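Some notes on the structure that comes next.
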Amino acid sequence: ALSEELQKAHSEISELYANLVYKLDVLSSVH
Amino acid sequence: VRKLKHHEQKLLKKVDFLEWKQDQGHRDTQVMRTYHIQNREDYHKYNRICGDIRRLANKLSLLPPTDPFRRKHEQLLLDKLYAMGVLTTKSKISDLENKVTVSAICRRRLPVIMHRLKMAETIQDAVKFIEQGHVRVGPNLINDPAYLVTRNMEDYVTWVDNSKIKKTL
Amino acid sequence: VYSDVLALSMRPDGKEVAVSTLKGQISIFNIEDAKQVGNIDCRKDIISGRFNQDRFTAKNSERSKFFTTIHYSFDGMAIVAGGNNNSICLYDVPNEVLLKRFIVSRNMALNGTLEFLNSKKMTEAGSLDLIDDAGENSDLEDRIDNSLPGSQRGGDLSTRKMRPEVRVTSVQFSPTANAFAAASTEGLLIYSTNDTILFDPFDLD
Amino acid sequence: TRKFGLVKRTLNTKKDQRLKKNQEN
RNA sequence: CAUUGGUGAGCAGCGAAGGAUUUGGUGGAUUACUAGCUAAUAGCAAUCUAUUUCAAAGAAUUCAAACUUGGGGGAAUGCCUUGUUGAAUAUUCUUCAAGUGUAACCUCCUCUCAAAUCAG
Numbered sequence: 425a426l427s428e429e430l431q432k433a434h435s436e437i438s439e440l441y442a443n444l445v446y447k448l449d450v451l452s453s454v455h
Numbered sequence: 002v003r004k005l006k007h008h009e010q011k012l013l014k015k016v017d018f019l020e021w022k023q024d025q026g027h028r029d030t031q032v033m034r035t036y037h038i039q040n041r042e043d044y045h046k047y048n049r050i051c052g053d054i055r056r057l058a059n060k061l062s063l064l065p066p067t068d069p070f071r072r073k074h075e076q077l078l079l080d081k082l083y084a085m086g087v088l089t090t091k092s093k094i095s096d097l098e099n100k101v102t103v104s105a106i107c108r109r110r111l112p113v114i115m116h117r118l119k120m121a122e123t124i125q126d127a128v129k130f131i132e133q134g135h136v137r138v139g140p141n142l143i144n145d146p147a148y149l150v151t152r153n154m155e156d157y158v159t160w161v162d163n164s165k166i167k168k169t170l
Numbered sequence: 514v515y516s517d518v519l520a521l522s523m524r525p526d527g528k529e530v531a532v533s534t535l536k537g538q539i540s541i542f543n544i545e546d547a548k549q550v551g552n553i554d555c556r557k558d559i560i561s562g563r564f565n566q567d568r569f570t571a572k573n574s575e576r577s578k579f580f581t582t583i584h585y586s587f588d589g590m591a592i593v594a595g596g597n598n599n600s601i602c603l604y605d606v607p608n609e610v611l612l613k614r615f616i617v618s619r620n621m622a623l624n625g626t627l628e629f630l631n632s633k634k635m636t637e638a639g640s641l642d643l644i645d646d647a648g649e650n651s652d653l654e655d656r657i658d659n660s661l662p663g664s665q666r667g668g669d670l671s672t673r674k675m676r677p678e679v680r681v682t683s684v685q686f687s688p689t690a691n692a693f694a695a696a697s698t699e700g701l702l703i704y705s706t707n708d709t710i711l712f713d714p715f716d717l718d
Numbered sequence: 007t008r009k010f011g012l013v014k015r016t017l018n019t020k021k022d023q024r025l026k027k028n029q030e031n
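Protein chains in written order, with the authors' numbering: chain A, 425 to 455; chain Z, 2 to 170; chain O, 514 to 718; chain l, 7 to 31.
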C-alpha cells in the first residue's frame, strides 16, 4: 500500500509484465 | 514511372507509388533483407513485442525514481532481456528503448548465430543448412530457420552428427 | 563415452548402467569395473516422423533417433526407452536385441507421426497443409493469431505456429505386473500385462 | 524440386530503379 | 614402394536369343473403399422449362456491435465525450469550449553487426 493510483500503476505494469513474460518466455522457447 | 515532365511534376505534387509514409520507408524490408526472413510477418512478430518492451520500459520510467519496486522490476526486465541476448549490455537502463530494435532481436536469430561462428560462409547458406537438417542446438536438431536462441543457448549449436557437411569441415 | 550422452538409467543392482548417446546407441556400463559391457543400437529401429514442414526424409532425419528416457525392468533384464519419436522400445538386457517397438500415437495433426508423407499434399510451392487456415474461421477469436514464430515447447499450443511434435518425455515401469507407463505429448499412456481386463459381455439380448 | 530457403522476394530499396533516390545512376 | 588414384590397355572371371546409364510423360498406392448431379423423403442422369409460381412461415440490444492499434511524443485540422448556445418540431441540427481525449492527422525510434576490408 503506497499510493492508490500508484497501486493502479503497479497492477497495470505487473499485468503488462506478465504479458511480456508470456510472450518473451514463449519467445524464449522455454529452454 | 514516367520521368514525368516539368509541367507534370507541379500538378502531381504529393503522389508516390513506391515509398509511402504508411509504408514507413520500407524500413522493415531492409531488416528482411539483412536477416533473410521467410515470411514478412516475422518482422511484425518481433515489432509487436518490441514496442511491448518499450511500453513497459516507458511506464516503469514514469514511476518515482527510488521506488523500490521500480528498480527491482527493471532489473528483472534487464536480466531477462540479457539472457536472451537481445541487448549487448545490461549496466545501463537506456538500452531498453534505444537498443531494442527488430534488428537486435533479429540478430539473435539462429542463422545469424551460425553466421557469426563462421560454420557458414553467408547468412542464407546457414538457412539452407537448417533447411537441409544439418544443425542442432544441444539435444535437438532444429528444422526451423527462425529460432530465437538465447545468449546461454549459444554454445549449444553444433552441426548435427553423421552429416555430409560436418565431414565437410 | 565418445558421443553426447543424456537420459541416464541404472540397473537396480547398480553394477550396470544404460546410456543414450546422440547416435541413439544405448551402452551398458559396468560399475564394479570401468569398461563397457555391451551396446544396443537404436538409430536403426526407431520410428521417426517427417513433419509437414520438414525438408528432409525421415530415413536420414536426425530429429528423434535418440532416447529422452530409459528405464530398466524390475529384473534388470529389460529396458523401455522413449524419446522425441513415435517409437517406444523394449530391449532385452542380456540378449541385447529389442523385443517390441511401440507407437505412442497415430495422429495426422501430430507432427512426427507419419513416416511417409502423402505426395498429393506436396503442391507447387509449399505443403497443402502449411497454408494458414486460421484466417477463415467464422469466429474472431479463432481468426486471431498470437503465434510467436520460433517457440519450441514453450507456453501454449497455439503459439508454436506448428503442429505439435509427437514426443514422449517420461518413462517408468510398474514394480508388480511389469506394466510400463509413459507420459506422452497426448498424455499418460499405460501398457500392461494385466491382460483380459478388456471387459467382455456374454450372450447379449 | 523446389529450392531451399523459399523467401519472400520483395522491394529492394538499394536495387529498384523505380525509386527516385536510385533514379540517378 | 603404398598407390589403397583413375585413365588406359587388356586378361582371368561372370555371363540364355545384349549389358550399363540417364531422363521425359502417365497411371498406382502414399489415412480404412457405401456411386454422380440437383431445388433432394423425391426427381434427374436425352432436361428441368410452357406447375416452380401461389401459399404459409419469415424484421430486438428500442442505434450491443475494431474483442484486432509497433512504442514515445503531440495531436494543429477532424472526430469523440460531456460542459455550454441557437433553431425546427419529447429528439436531430447550427454555434462553442473543456478533454497527460483519440487505431484520422505530424515527427523520433523500431538501420550502422566481435560479418569483412583497410590505413596505424
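Yeah, the Cβ is synthetic: ideal placement off N, Cα and C, and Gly gets one too.
Can you check DSSP and say which residues form a bridge with residue i?
{"i": "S640 (chain O)", "result": "O:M635"}
{"i": "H584 (chain O)", "result": "O:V593"}
{"i": "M523 (chain O)", "result": "O:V530"}
{"i": "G551 (chain O)", "result": "O:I541"}
{"i": "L702 (chain O)", "result": "O:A695"}
{"i": "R614 (chain O)", "result": "O:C602"}
{"i": "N141 (chain Z)", "result": "Z:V138"}
{"i": "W160 (chain Z)", "result": "Z:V136"}
{"i": "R110 (chain Z)", "result": "Z:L149"}
What is the C-beta distance between residue i and residue j, in whole angstroms, given that I count them as a contact (C-beta under 8 angstroms)?
{"i": "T151 (chain Z)", "j": "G86 (chain Z)", "result": "6 angstroms"}
{"i": "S618 (chain O)", "j": "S697 (chain O)", "result": "7 angstroms"}
{"i": "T582 (chain O)", "j": "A520 (chain O)", "result": "5 angstroms"}
{"i": "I544 (chain O)", "j": "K528 (chain O)", "result": "5 angstroms"}
{"i": "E575 (chain O)", "j": "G134 (chain Z)", "result": "6 angstroms"}
{"i": "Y148 (chain Z)", "j": "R110 (chain Z)", "result": "7 angstroms"}
{"i": "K536 (chain O)", "j": "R556 (chain O)", "result": "6 angstroms"}
{"i": "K634 (chain O)", "j": "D642 (chain O)", "result": "6 angstroms"}
{"i": "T626 (chain O)", "j": "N659 (chain O)", "result": "So it is not a contact: roughly 25 angstroms between Cβ atoms."}
{"i": "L448 (chain A)", "j": "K91 (chain Z)", "result": "The pair is not a contact, with the Cβ atoms about 15 angstroms apart (cut-off 8 angstroms)."}
{"i": "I601 (chain O)", "j": "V681 (chain O)", "result": "6 angstroms"}
{"i": "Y157 (chain Z)", "j": "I106 (chain Z)", "result": "So it is not a contact: roughly 19 angstroms between Cβ atoms."}
Give a yes or no on whether the C-beta atoms belonging to residue i and residue j are separated by under 9 angstroms.
{"i": "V103 (chain Z)", "j": "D29 (chain Z)", "result": "yes"}
{"i": "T534 (chain O)", "j": "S522 (chain O)", "result": "no"}
{"i": "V550 (chain O)", "j": "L623 (chain O)", "result": "no"}
{"i": "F629 (chain O)", "j": "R676 (chain O)", "result": "no"}
{"i": "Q25 (chain Z)", "j": "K14 (chain l)", "result": "no"}
{"i": "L61 (chain Z)", "j": "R71 (chain Z)", "result": "yes"}
{"i": "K674 (chain O)", "j": "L653 (chain O)", "result": "no"}
{"i": "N552 (chain O)", "j": "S577 (chain O)", "result": "no"}
{"i": "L88 (chain Z)", "j": "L97 (chain Z)", "result": "yes"}
{"i": "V450 (chain A)", "j": "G668 (chain O)", "result": "yes"}
{"i": "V593 (chain O)", "j": "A695 (chain O)", "result": "yes"}
{"i": "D145 (chain Z)", "j": "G663 (chain O)", "result": "yes"}
{"i": "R137 (chain Z)", "j": "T123 (chain Z)", "result": "no"}
{"i": "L19 (chain Z)", "j": "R24 (chain l)", "result": "yes"}
{"i": "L64 (chain Z)", "j": "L440 (chain A)", "result": "no"}
{"i": "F693 (chain O)", "j": "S705 (chain O)", "result": "yes"}
{"i": "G595 (chain O)", "j": "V684 (chain O)", "result": "yes"}
In three-state terms, what does DSSP make of residue i?
{"i": "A147 (chain Z)", "result": "coil"}
{"i": "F686 (chain O)", "result": "strand"}
{"i": "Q39 (chain Z)", "result": "coil"}
{"i": "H135 (chain Z)", "result": "coil"}
{"i": "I94 (chain Z)", "result": "coil"}
{"i": "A442 (chain A)", "result": "helix"}
{"i": "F130 (chain Z)", "result": "helix"}
{"i": "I560 (chain O)", "result": "coil"}
{"i": "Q665 (chain O)", "result": "coil"}
{"i": "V101 (chain Z)", "result": "coil"}
{"i": "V681 (chain O)", "result": "strand"}
{"i": "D655 (chain O)", "result": "helix"}
{"i": "residue 492 (chain O)", "result": "Nothing in the structure corresponds to residue 492 (chain O), since chain O is present only between 514 and 718."}
{"i": "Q10 (chain Z)", "result": "helix"}
{"i": "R673 (chain O)", "result": "helix"}
{"i": "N18 (chain l)", "result": "coil"}
{"i": "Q23 (chain l)", "result": "coil"}
Is the beta carbon of residue i within less than 8 angstroms of some heavy atom of the ligand HEM?
{"i": "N624 (chain O)", "result": "As far as ligands go, the structure on display features none, and thus does not contain the ligand HEM."}
Chain O contacts made by the region 81-100 of chain Z, where a contact means CB separation under 9 angstroms
none
Under 8 angstroms, CB to CB, which of the residues in the region 38-57 of chain Z have a partner in chain A?
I50, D53, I54, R56, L57
Mind checking the region 107-136 of chain Z against chain l and listing, in chain order, the residues whose C-beta falls within less than 8 angstroms of any C-beta there?
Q125, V128, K129, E132, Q133
Going along the region 134-154 of chain Z in order, which residues come within less than 8 angstroms of chain O, judged by CB to CB distance?
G134, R137, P140, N141, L142, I143, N144, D145, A147, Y148, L149
Return the residues of the region 438-453 of chain A that lie within a Cβ-Cβ distance of less than 9 angstroms from chain Z, sorted by chain order.
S438, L440, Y441, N443, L444, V445, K447, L448, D449, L451, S452, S453
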